[PDB]
Amino acid sequence: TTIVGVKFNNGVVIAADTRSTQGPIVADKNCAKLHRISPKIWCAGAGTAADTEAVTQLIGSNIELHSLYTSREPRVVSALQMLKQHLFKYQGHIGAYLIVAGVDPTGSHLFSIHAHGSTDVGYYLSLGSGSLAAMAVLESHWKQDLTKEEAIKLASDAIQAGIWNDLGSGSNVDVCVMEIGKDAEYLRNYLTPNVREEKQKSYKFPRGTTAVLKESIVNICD
Amino acid sequence: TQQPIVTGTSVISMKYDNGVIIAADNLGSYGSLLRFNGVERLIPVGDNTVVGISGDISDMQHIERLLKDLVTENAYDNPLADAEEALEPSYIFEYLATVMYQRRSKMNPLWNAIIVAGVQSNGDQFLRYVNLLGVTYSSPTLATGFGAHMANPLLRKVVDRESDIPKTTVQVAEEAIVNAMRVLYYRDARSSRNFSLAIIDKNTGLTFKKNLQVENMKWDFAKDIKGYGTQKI
Amino acid sequence: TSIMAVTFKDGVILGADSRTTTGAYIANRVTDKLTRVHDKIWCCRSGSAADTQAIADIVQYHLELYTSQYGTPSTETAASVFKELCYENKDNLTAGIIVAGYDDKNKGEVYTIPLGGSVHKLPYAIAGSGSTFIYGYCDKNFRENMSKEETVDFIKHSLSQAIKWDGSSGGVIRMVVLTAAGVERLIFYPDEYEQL
Amino acid sequence: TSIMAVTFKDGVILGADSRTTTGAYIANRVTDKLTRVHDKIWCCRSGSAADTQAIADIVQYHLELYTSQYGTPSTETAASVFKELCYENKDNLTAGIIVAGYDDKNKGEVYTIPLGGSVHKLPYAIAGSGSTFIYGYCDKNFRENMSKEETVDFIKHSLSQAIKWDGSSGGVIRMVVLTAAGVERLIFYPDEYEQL
Amino acid sequence: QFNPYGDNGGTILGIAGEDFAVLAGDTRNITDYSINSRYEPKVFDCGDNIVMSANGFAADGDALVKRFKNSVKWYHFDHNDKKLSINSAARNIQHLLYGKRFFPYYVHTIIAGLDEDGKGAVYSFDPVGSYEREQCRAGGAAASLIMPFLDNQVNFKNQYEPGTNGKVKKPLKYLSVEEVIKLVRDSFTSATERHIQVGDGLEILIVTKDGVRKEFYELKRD
Amino acid sequence: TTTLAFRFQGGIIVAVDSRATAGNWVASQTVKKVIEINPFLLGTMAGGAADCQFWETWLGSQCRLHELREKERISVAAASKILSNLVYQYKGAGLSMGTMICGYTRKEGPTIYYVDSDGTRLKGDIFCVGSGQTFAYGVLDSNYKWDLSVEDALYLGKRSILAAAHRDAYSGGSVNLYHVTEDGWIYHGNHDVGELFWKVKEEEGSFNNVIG
Amino acid sequence: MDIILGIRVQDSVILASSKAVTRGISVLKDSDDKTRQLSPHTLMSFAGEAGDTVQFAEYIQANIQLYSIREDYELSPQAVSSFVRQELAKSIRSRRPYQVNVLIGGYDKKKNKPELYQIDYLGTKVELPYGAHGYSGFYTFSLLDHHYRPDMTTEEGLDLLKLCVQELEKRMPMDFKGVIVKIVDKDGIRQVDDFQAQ
Amino acid sequence: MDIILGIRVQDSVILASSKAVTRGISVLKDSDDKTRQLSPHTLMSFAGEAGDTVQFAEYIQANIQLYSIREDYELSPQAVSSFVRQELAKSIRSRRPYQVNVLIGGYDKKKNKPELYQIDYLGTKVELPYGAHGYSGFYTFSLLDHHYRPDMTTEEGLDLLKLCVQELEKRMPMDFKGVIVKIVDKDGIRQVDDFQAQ
Amino acid sequence: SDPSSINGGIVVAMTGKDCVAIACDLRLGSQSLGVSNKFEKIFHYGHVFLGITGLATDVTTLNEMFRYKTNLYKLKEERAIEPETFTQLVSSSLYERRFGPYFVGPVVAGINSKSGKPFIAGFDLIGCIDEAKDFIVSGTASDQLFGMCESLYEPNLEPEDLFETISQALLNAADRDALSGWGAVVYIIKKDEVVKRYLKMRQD
Ligand SMILES: */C1=C\C(=O)NCC[C@H](O)C[C@H](NC(=O)[C@@H](NC(=O)/C=C/C=C/CCCCCCC)[C@@H](C)O)C(=O)N[C@H]1C
Ligand SMILES: */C1=C\C(=O)NCC[C@H](O)C[C@H](NC(=O)[C@@H](NC(=O)/C=C/C=C/CCCCCCC)[C@@H](C)O)C(=O)N[C@H]1C
């Protein structure tokens with residue numbers, strides 16, 4: 001997994017790869033590692049997929065109920081405190097590594113939460129097995145005051161650094177742009193640089209090839 | 001079966017259109033204590049080959065003596081020791097590769113990762129890796145330790161496939177390598193600001209640069225970062 | 001990590017590096033290990049990031065409530081709440097905390113809470129992995145009631161050395177000045193303290 | 001143990017504490033960790049007493065034989081024999097050795113042989129358990145080509161601090177001055193270096 | 001403690017035709033989640049029309065190939081340049097391998113060539129020497145992915161004559177070189193999809209009475 | 001792996017499967033678990049593949065050397081002790097092999113020797129070695145009579161392996177038959193369990209449980 | 001382990017169970033009945049850990065008898081076997097699990113057919129023509145795989161059994177002191193007190 | 001373990017030894033002879049590790065036969081037992097020791113008396129009226145402690161044995177497939193081929 | 001030791017033209033010993049199918065659980081549950097046991113009664129969802145199934161072709177796995193009918 005966060009002049013952007021694995025086998029060639037906590041607070045997650053998903057929803061659910069109760073837009077620091085306090089409560093057993101971002105009544109924000117519960121803050125971050133490949137690109141191209149387009153490029157490239165160079169990462173690039181004044185835009189499969197080449201032959205078997213022992217219809221109507 | 005004690009970190013390198021470049025910082029760590037600072041981990045053997053070593057320093061010092069002896073020895077009864085029968089990078093590698101695998105096979109390894117960089121007599125660029133297990137391989141770019149994770153992704157952007165080598169100049173190449181050395185200084189907790197760099201060009205020969213330093217580091221934004229989430233001041 | 005807090009004529013100053021590593025990888029190079037628990041009571045965090053952040057966040061909550069009910073808390077009190085959390089949970093915590101605050105009657109005060117969870121009040125205190133390399137230096141250079149400048153220098157030197165030797169430290173040196181005048185944030189870059 | 005060797009204008013000086021402990025018990029409080037391997041080549045011993053004594057005794061034998069056959073050995077050579085023993089037997093040795101000698105052409109020289117068995121030539125070198133506490137101090141106070149007095153003071157201060165913090169060090173501070181003039185033994189008692 | 005062994009991934013495949021044989025392998029060399037090289041040949045021409053590949057721990061793989069070639073050299077010196085038969089080569093390799101039965105070469109090796117009748121031949125070994133002659137065989141990281149495919153497309157397993165009520169098994173018509181190269185490319189593009197250690201390049205060696213030829217195809221680099 | 005060998009009127013019957021595994025992974029269904037030591041001797045492979053294939057080929061060499069030297073075909077009792085003593089020299093090193101040395105010498109008649117890497121050497125009439133041994137014993141034990149026709153004995157063998165190939169996950173592939181007479185042994189084909197199972201089910205009515 | 005065998009013929013289920021009870025070096029008993037009747041037409045054989053074994057069986061017994069009294073009706077074998085699989089599946093993830101394997105054989109008076117169920121301490125349940133727990137299966141499954149037919153009579157089945165018990169006494173390491181056999185059918189549960197030479 | 005028993009009566013020594021050879025789950029043989037004749041009037045029974053067992057016995061055999069040929073004389077049992085204790089006492093402190101326990105029974109043609117020796121893999125040797133290796137001793141020593149008399153005849157002794165073999169089949173866990181008995185006396189070594197019902 | 005490898009078995013689901021297929025083997029063993037050749041791993045609740053590989057006891061338990069849940073669901077929602085919803089139910093049901101999971105690998109297959117769209121999805125033991133558009137694999141021979149599918153498979157096969165393809169993938173995969181086989185069953189699902197066929201394969 002390769003996930004990144006990049007702040008630009010008027011917002012923040014997060015990106016990720018789309019490969020999921022178990023050992024050396026690719027489980028999902030195109031899974032979504034970008035999670036929506038609230039309309040304008042998205043979280044990118046590495047670690048144990050089922051955990052980032054679950055923990056993301058739980059806090060997402062509570063932030064929605066909280067939002068409704070207070071009649072105020074959700075804050076990213078709210079997601080950050082609910083998340084970290086949850087992870088810390090579980091002594092690190094919930095394998096979630098998250099980069100949470102978004103905009104709210106107080107500006108644009110960029111954080112990262114580690115499975116044990118500690119949080120960081122900055123203009124660019126990365127987590128996952130592709131962590132280092134990406135950071136290498138960010139430490140080489142990040143500059144203060146990026147434009148929305150430069151940030152997406154940087155973010156997108158950092159993710160690519162992982163796809164190619166990291167065995168745990170691959171497939172496509174997912175991006176999500178959160179600009180201070182507009183609606184957040186989720187760009188699923190922003191980049192698809194790994195389309196399989198057409199197979200050399202068709203393996204459509206001639207009917208009757210498989211030997212059957214018995215047959216029957218099944219009843220679905222109650 | 002030993003355990004490294006005083007160690008050297010990353011050794012990175014790549015090859016351009018006319019030769020190769022290789023660099024390594026001048027640190028000799030002892031655990032987390034950055035104990036020694038005048039360590040040259042770039043061993044030139046002759047003037048067409050540079051051997052960069054990382055891992056256990058005492059073993060490196062030992063591989064160094066082996067290299068010097070390999071040179072002293074090649075001269076013996078060799079009227080062309082400085083010509084047609086001089087040491088080629090490929091010989092030096094194959095030798096170390098041998099020594100490395102024999103030592104792992106005896107359960108008493110030389111705790112190192114090595115990259116032999118140079119130019120063959122026919123002009124060809126030589127870049128190959130070997131570590132304490134005797135494992136070897138080649139690629140337009142090679143790095144050991146941390147450099148394998150951070151440096152490669154960068155250098156590979158310059159020379160991704162073979163066809164990219166002829167298109168790469170020494171400036172472009174030396175540049176990438178120096179930038180990579182900076183990135184490693186940003187994230188490798190066992191690195192130093194000072195390093196050594198070397199270029200083995202089929203035309204200009206061996207240019208060995210010492211005492212370089214990591215420059216142009218971005219730190220200013222560090223002031224706008226307070227607290228770890230909700231703190232404001 | 002390299003952290004220290006020094007008292008002087010006008011109050012107190014806190015200093016820290018900004019490196020947080022996970023193994024040999026520098027997870028964050030611009031970290032802020034200088035945390036605010038009250039207006040003029042801050043702390044220096046060493047040990048587990050998650051553990052110290054969680055403890056800090058709790059102490060801040062307690063002091064905010066302490067205030068609402070009984071007014072401004074003393075630095076000694078903030079040290080007590082830290083010490084309480086640290087001692088009572090010693091078996092699941094890896095936190096070395098330095099507590100420094102500015103009082104109008106007591107001027108500057110420094111409390112150090114080591115791994116056991118015990119509390120120690122001192123003129124100054126160093127802590128963190130890099131602190132071991134500057135024990136001899138600090139002991140030989142610290143002086144009581146130095147001026148803001150003499151103190152900002154004592155800290156800048158001490159930490160530059162700690163960062164020099166300890167690979168678990170580095171980045172920029174951050175400071176926080178606490179006096180009657182208010183709260184001042186300071187930052188020094190490698191290019192400056194490296195050549196001292 | 002706290003040991004160091006510093007080169008200066010007239011040659012070199014070796015210093016050490018005199019404490020050898022077995023656990024928390026101080027087995028010997030008046031130990032001499034300053035060993036003679038040749039007329040003007042000495043060493044500082046840290047690590048296992050049995051390991052360093054045995055290695056020293058062997059180097060001395062080798063240098064005595066070296067002489068008989070090829071005359072006076074260089075300081076670099078004495079360092080080589082030490083390094084040879086230490087590297088070749090790394091798996092059964094716990095010895096940190098500092099080699100210092102006075103030459104007429106090279107003046108003062110210092111070689112340090114750390115646990116791995118590697119060799120390092122330097123202007124000065126510290127080693128031993130207490131050495132960690134004075135890394136920052138020594139780096140900030142050492143200067144090249146100091147005078148015999150400036151050097152005897154640099155060492156006296158550095159070691160008094162190491163002894164201060166490290167419980168594995170203490171007793172008296174011993175020194176050995178190596179110059180063209182000859183060999184001089186120095187000793188300083190607690191009552192003196194403690195109040196520096 | 002010191003672990004003398006390692007894993008450099010890779011996967012090899014060998015198929016034998018009627019008058020030819022092929023031995024292919026990806027050209028990726030890895031260590032954990034890092035890629036050491038996108039191109040590091042793994043299949044070699046040892047002479048006397050014998051192609052070989054020892055896959056697994058590269059250091060042991062090279063040591064073995066090297067030792068075998070050295071065996072072929074002396075075979076010539078000893079028996080007046082007599083050609084080393086593929087079956088003899090097989091027996092010799094078994095001794096090379098078993099010679100280290102108590103400190104094994106961590107490799108799964110395969111060799112291909114032509115028998116003394118001019119028919120294609122493939123031989124595969126145990127890390128300790130057990131060997132069998134076979135029609136086709138995959139070895140290495142993604143062997144478990146390729147083998148099933150091969151039993152189906154190369155030996156028509158579980159395939160029957162349509163209509164015959166699964167009573168007449170499909171005939172063992174034999175494959176040509178063109179058809180075999182297809183199953184090789186498809187085998188590797190498919191393996192590259194689900195195995196993180198397979199990719200970058202596909203080097204194929206074809207052995208015919210006329211000698212040894214090479215074909216190369218790229219594979220995704222993610 | 002399932003391998004059996006029993007003695008009877010018509011001499012000796014030897015049957016084995018051909019499945020080779022590495023965990024739950026089926027490496028091969030085409031392994032030859034019968035090593036043909038020579039025209040009059042047979043070896044069975046159970047335990048480590050290489051250990052058997054190698055050391056048994058080695059045994060063949062030793063036997064041949066004995067005959068050149070003694071101008072007289074080696075006895076089964078002796079060929080079994082050579083393997084036995086070799087293997088015992090390595091006791092503790094980890095060799096893994098359970099095998100049966102089968103033969104017919106004018107001096108001993110049909111003879112079967114069990115030899116494992118433990119150092120155990122046993123002479124007997126019926127032996128089943130392998131992870132599927134109990135399944136073959138079941139079938140074999142209850143249908144054995146010294147008075148079996150060379151044809152009925154051959155079938156009992158083939159069928160005993162079928163039984164084991166079914167229940168045991170580590171056994172399978174195909175069945176290999178051998179008939180041991182004094183003139184030497186006679187191969188009796190390779191029987192793919194794939195087809196042999198169905199055939200036997202239909203013709204015999206057994207394996208009634210399985211749905212066909 | 002112990003010998004726990006079960007075979008379902010045409011109109012009945014037969015259960016064979018070793019009579020030995022060994023504890024370390026000594027065989028303490030040669031007449032042990034490793035079985036419990038759950039209802040007039042349902043019998044359950046069991047083998048496993050020293051205490052768990054009986055405590056579980058009796059517990060299951062008590063509950064099925066209670067259901068009978070409360071409902072004045074006898075639960076079908078299938079249902080009884082479902083209750084048991086459930087109890088074990090709970091046990092498997094509890095603090096201290098029951099290490100007991102059981103064979104359940106009963107005659108469904110409503111379907112008028114015999115049924116055999118095999119359930120292990122994990123809560124694994126499967127319905128079979130014949131089954132066994134422990135190592136017994138290892139030598140008997142091939143025998144039955146060979147000589148079994150669904151329409152066999154109780155007599156034919158009792159012979160097939162004797163065949164199995166014979167192979168077991170021949171190839172099995174332990175002396176299990178013979179078996180106790182029981183038949184379950186439309187008329188209930190009865191024991192074949194003459195198998196020690198039938 | 002295996003059954004290795006030995007009893008010395010008035011004018012002979014009797015050795016009983018289990019006939020079973022089990023390997024894990026299967027009893028591979030029921031007719032195994034765990035004994036070796038060292039000389040015309042000396043027999044040795046053994047039990048222990050799979051390979052060691054036979055390799056040691058045959059090795060000891062070869063050496064005693066060699067002494068006989070070289071000296072054209074038959075070593076007394078006592079002497080043969082001293083040679084064996086020595087061989088094991090060497091083995092015990094060697095690289096890979098022999099794990100074999102043995103019973104040595106012979107008739108001293110010079111003293112005209114039967115003798116029984118018990119020696120364990122450690123090289124512990126003791127002379128006894130009756131002895132055993134493995135667990136067998138546990139149930140048979142009290143029987144013999146009770147019913148043994150020095151002047152018993154070979155017939156009386158063979159009965160006392162049958163008594164022991166019976167207790168062993170009753171209380172021992174394992175099915176050892178009966179025993180093979182042998183008598184050693186002034187006339188040599190002979191086997192009682194009729195004990196499977198004597 | 002490894003729970004997911006005590007009993008064995010495999011399941012695979014594929015999508016074709018306006019149809020979905022799901023198949024499984026019939027083995028149930030205890031290590032090397034084969035115990036039953038009638039242990040099916042496919043179940044259905046309404047028009048939704050669920051394949052469950054792993055520790056048999058858990059395979060049974062989850063089936064009884066989802067029966068229970070889908071039942072009450074129909075009683076309250078007054079309609080049959082859909083594939084997409086059922087997937088979510090399975091996922092949360094599994095993650096509910098995050099720190100002591102059921103050692104299973106569920107596979108969901110069905111056509112959405114309202115949209116007519118084919119749907120298949122896989123889960124890891126703690127509920128992580130994988131919603132593919134081509135195929136899902138599960139079981140002790142999953143690596144093999146992956147190689148088989150990644151090759152054989154192609155989009156929009158017809159019910160008659162998809163049958164051949166999914167049967168070939170299953171069969172050849174199972175034959176390279178000592179813990180799978182002993183029979184197999186294949187379900188072909190269309191918006192109107194469902195055909196269940198049993199396959200002929202090796203029994204070793
Ligand atoms: C990002 C990749 C990454 O960041 N690192 C690589 C390794 C990563 O952990 C792999 C991860 N794979 C999965 O999440 C898979 N599922 C599981 O790993 C499930 C583990 C279950 C453990 C249960 C046992 C609990 C015992 C509790 C005792 C109290 C696949 C199938 O989703 C991954 O791909 N991560 C990506 C997002
Ligand atoms: C009979 C099966 C049987 O009787 N018992 C099952 C166990 C038996 O030992 C397995 C045997 N299989 C093999 O010999 C296989 N080869 C190996 O297992 C080789 C192992 C080497 C180990 C050293 C570590 C190497 C790591 C390499 C990493 C790249 C097959 C493939 O020959 C078997 O099936 N026996 C049959 C006859």
# chains A, B, ... in the order shown; residues from 1 in each chain; ligands from 1
>>> residues_near_ligand(ligand="ligand 1", cutoff="6 Å", atoms="only C-alpha atoms and all ligand atoms", output="MDAnalysis selection string")
(chainID A and resid 1 20:22 27 46:50 128:129 168) or (chainID I and resid 99:100 124 126 128)
>>> select_by_dssp(residues="segment 48-174 of chain A", states="strand (DSSP E or B)", output="PDB file with N, CA, C and O atoms, in the first residue's frame")
ATOM      1  N   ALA A  96      -4.341  -0.073  11.879  1.00  0.00           N
ATOM      2  CA  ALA A  96      -4.747   1.011  11.002  1.00  0.00           C
ATOM      3  C   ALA A  96      -3.698   2.104  10.977  1.00  0.00           C
ATOM      4  O   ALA A  96      -3.238   2.579  12.017  1.00  0.00           O
ATOM      5  N   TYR A  97      -3.310   2.469   9.766  1.00  0.00           N
ATOM      6  CA  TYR A  97      -2.346   3.524   9.529  1.00  0.00           C
ATOM      7  C   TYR A  97      -3.119   4.421   8.585  1.00  0.00           C
ATOM      8  O   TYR A  97      -3.462   4.027   7.464  1.00  0.00           O
ATOM      9  N   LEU A  98      -3.408   5.628   9.058  1.00  0.00           N
ATOM     10  CA  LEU A  98      -4.229   6.546   8.297  1.00  0.00           C
ATOM     11  C   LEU A  98      -3.690   7.939   8.087  1.00  0.00           C
ATOM     12  O   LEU A  98      -3.028   8.507   8.960  1.00  0.00           O
ATOM     13  N   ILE A  99      -4.009   8.488   6.922  1.00  0.00           N
ATOM     14  CA  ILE A  99      -3.655   9.862   6.598  1.00  0.00           C
ATOM     15  C   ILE A  99      -5.033  10.478   6.434  1.00  0.00           C
ATOM     16  O   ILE A  99      -5.729  10.180   5.469  1.00  0.00           O
ATOM     17  N   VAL A 100      -5.444  11.298   7.393  1.00  0.00           N
ATOM     18  CA  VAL A 100      -6.760  11.926   7.321  1.00  0.00           C
ATOM     19  C   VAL A 100      -6.660  13.403   6.958  1.00  0.00           C
ATOM     20  O   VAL A 100      -5.832  14.135   7.496  1.00  0.00           O
ATOM     21  N   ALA A 101      -7.515  13.834   6.042  1.00  0.00           N
ATOM     22  CA  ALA A 101      -7.504  15.216   5.593  1.00  0.00           C
ATOM     23  C   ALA A 101      -8.894  15.766   5.279  1.00  0.00           C
ATOM     24  O   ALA A 101      -9.910  15.074   5.429  1.00  0.00           O
ATOM     25  N   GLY A 102      -8.925  17.026   4.850  1.00  0.00           N
ATOM     26  CA  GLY A 102     -10.178  17.671   4.508  1.00  0.00           C
ATOM     27  C   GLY A 102     -10.246  19.127   4.929  1.00  0.00           C
ATOM     28  O   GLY A 102      -9.346  19.653   5.594  1.00  0.00           O
ATOM     29  N   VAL A 103     -11.337  19.775   4.534  1.00  0.00           N
ATOM     30  CA  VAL A 103     -11.574  21.182   4.843  1.00  0.00           C
ATOM     31  C   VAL A 103     -12.794  21.344   5.727  1.00  0.00           C
ATOM     32  O   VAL A 103     -13.734  20.544   5.679  1.00  0.00           O
ATOM     33  N   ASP A 104     -12.780  22.391   6.533  1.00  0.00           N
ATOM     34  CA  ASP A 104     -13.896  22.659   7.412  1.00  0.00           C
ATOM     35  C   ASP A 104     -13.894  24.145   7.806  1.00  0.00           C
ATOM     36  O   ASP A 104     -12.955  24.876   7.503  1.00  0.00           O
ATOM     37  N   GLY A 107     -10.487  25.944   8.024  1.00  0.00           N
ATOM     38  CA  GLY A 107      -9.381  25.847   7.078  1.00  0.00           C
ATOM     39  C   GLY A 107      -9.152  24.455   6.521  1.00  0.00           C
ATOM     40  O   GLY A 107     -10.042  23.602   6.598  1.00  0.00           O
ATOM     41  N   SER A 108      -7.967  24.219   5.951  1.00  0.00           N
ATOM     42  CA  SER A 108      -7.635  22.903   5.392  1.00  0.00           C
ATOM     43  C   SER A 108      -6.656  22.183   6.326  1.00  0.00           C
ATOM     44  O   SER A 108      -5.764  22.802   6.914  1.00  0.00           O
ATOM     45  N   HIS A 109      -6.821  20.871   6.463  1.00  0.00           N
ATOM     46  CA  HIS A 109      -5.978  20.117   7.387  1.00  0.00           C
ATOM     47  C   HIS A 109      -5.387  18.814   6.856  1.00  0.00           C
ATOM     48  O   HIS A 109      -5.972  18.150   5.988  1.00  0.00           O
ATOM     49  N   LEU A 110      -4.223  18.453   7.399  1.00  0.00           N
ATOM     50  CA  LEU A 110      -3.534  17.232   6.999  1.00  0.00           C
ATOM     51  C   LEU A 110      -2.877  16.551   8.188  1.00  0.00           C
ATOM     52  O   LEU A 110      -1.956  17.093   8.800  1.00  0.00           O
ATOM     53  N   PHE A 111      -3.352  15.348   8.492  1.00  0.00           N
ATOM     54  CA  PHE A 111      -2.834  14.566   9.607  1.00  0.00           C
ATOM     55  C   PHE A 111      -2.549  13.120   9.220  1.00  0.00           C
ATOM     56  O   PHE A 111      -2.911  12.636   8.136  1.00  0.00           O
ATOM     57  N   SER A 112      -1.906  12.427  10.148  1.00  0.00           N
ATOM     58  CA  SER A 112      -1.609  11.019   9.985  1.00  0.00           C
ATOM     59  C   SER A 112      -1.745  10.386  11.364  1.00  0.00           C
ATOM     60  O   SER A 112      -1.364  10.974  12.381  1.00  0.00           O
ATOM     61  N   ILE A 113      -2.333   9.199  11.397  1.00  0.00           N
ATOM     62  CA  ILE A 113      -2.509   8.483  12.650  1.00  0.00           C
ATOM     63  C   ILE A 113      -1.896   7.099  12.515  1.00  0.00           C
ATOM     64  O   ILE A 113      -2.104   6.408  11.510  1.00  0.00           O
ATOM     65  N   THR A 119      -0.324  10.833  16.568  1.00  0.00           N
ATOM     66  CA  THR A 119      -0.683  11.592  15.384  1.00  0.00           C
ATOM     67  C   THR A 119       0.404  12.592  15.029  1.00  0.00           C
ATOM     68  O   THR A 119       1.158  13.041  15.904  1.00  0.00           O
ATOM     69  N   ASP A 120       0.478  12.917  13.737  1.00  0.00           N
ATOM     70  CA  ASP A 120       1.443  13.879  13.200  1.00  0.00           C
ATOM     71  C   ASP A 120       0.685  14.914  12.382  1.00  0.00           C
ATOM     72  O   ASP A 120      -0.495  14.731  12.075  1.00  0.00           O
ATOM     73  N   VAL A 121       1.365  15.996  12.024  1.00  0.00           N
ATOM     74  CA  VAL A 121       0.764  17.054  11.206  1.00  0.00           C
ATOM     75  C   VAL A 121       1.818  17.623  10.252  1.00  0.00           C
ATOM     76  O   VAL A 121       2.977  17.780  10.625  1.00  0.00           O
ATOM     77  N   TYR A 124       2.978  17.434   3.782  1.00  0.00           N
ATOM     78  CA  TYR A 124       3.019  16.232   2.945  1.00  0.00           C
ATOM     79  C   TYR A 124       3.390  15.029   3.819  1.00  0.00           C
ATOM     80  O   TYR A 124       4.257  15.120   4.700  1.00  0.00           O
ATOM     81  N   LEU A 125       2.706  13.913   3.581  1.00  0.00           N
ATOM     82  CA  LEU A 125       2.929  12.693   4.347  1.00  0.00           C
ATOM     83  C   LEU A 125       2.660  11.456   3.507  1.00  0.00           C
ATOM     84  O   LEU A 125       1.966  11.517   2.476  1.00  0.00           O
ATOM     85  N   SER A 126       3.194  10.329   3.975  1.00  0.00           N
ATOM     86  CA  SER A 126       2.976   9.046   3.318  1.00  0.00           C
ATOM     87  C   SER A 126       3.054   7.893   4.328  1.00  0.00           C
ATOM     88  O   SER A 126       3.770   7.968   5.338  1.00  0.00           O
ATOM     89  N   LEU A 127       2.296   6.836   4.051  1.00  0.00           N
ATOM     90  CA  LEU A 127       2.280   5.647   4.885  1.00  0.00           C
ATOM     91  C   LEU A 127       2.116   4.459   3.962  1.00  0.00           C
ATOM     92  O   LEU A 127       1.798   4.620   2.780  1.00  0.00           O
ATOM     93  N   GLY A 128       2.320   3.266   4.514  1.00  0.00           N
ATOM     94  CA  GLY A 128       2.182   2.050   3.732  1.00  0.00           C
ATOM     95  C   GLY A 128       3.518   1.415   3.431  1.00  0.00           C
ATOM     96  O   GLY A 128       4.558   1.904   3.881  1.00  0.00           O
ATOM     97  N   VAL A 173      -4.236   4.538  -9.461  1.00  0.00           N
ATOM     98  CA  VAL A 173      -4.083   5.678  -8.560  1.00  0.00           C
ATOM     99  C   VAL A 173      -5.429   6.327  -8.279  1.00  0.00           C
ATOM    100  O   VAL A 173      -6.152   6.687  -9.203  1.00  0.00           O
ATOM    101  N   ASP A 174      -5.767   6.459  -6.999  1.00  0.00           N
ATOM    102  CA  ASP A 174      -7.016   7.089  -6.584  1.00  0.00           C
ATOM    103  C   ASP A 174      -6.648   8.428  -5.947  1.00  0.00           C
ATOM    104  O   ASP A 174      -5.704   8.511  -5.153  1.00  0.00           O
TER     105      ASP A 174
END
>>> residues_near_ligand(ligand="ligand 2", cutoff="7 Å", atoms="only C-alpha atoms and all ligand atoms", output="VMD selection string")
(chain E and resid 56 to 57 104 106 to 108 126 to 128 130) or (chain F and resid 1 to 2 19 to 22 27 33 45 to 50 96 130 to 131 170 to 171)
>>> interface_residues(of="chain A", to="chain B", cutoff="12 Å", atoms="only C-alpha atoms", output="PyMOL selection string")
chain A and resi 75-84+100-101+106+109-113+117-124+129-145+157-167
>>> interface_residues(of="chain A", to="chain I", cutoff="12 Å", atoms="only C-alpha atoms", output="ChimeraX atom specification")
/A:18-33,48-55,57-58,90,93-95,196,198-222
>>> closest_residue(among="B:64, B:94, B:201, B:25", to="chain D", atoms="only C-alpha atoms")
B:64
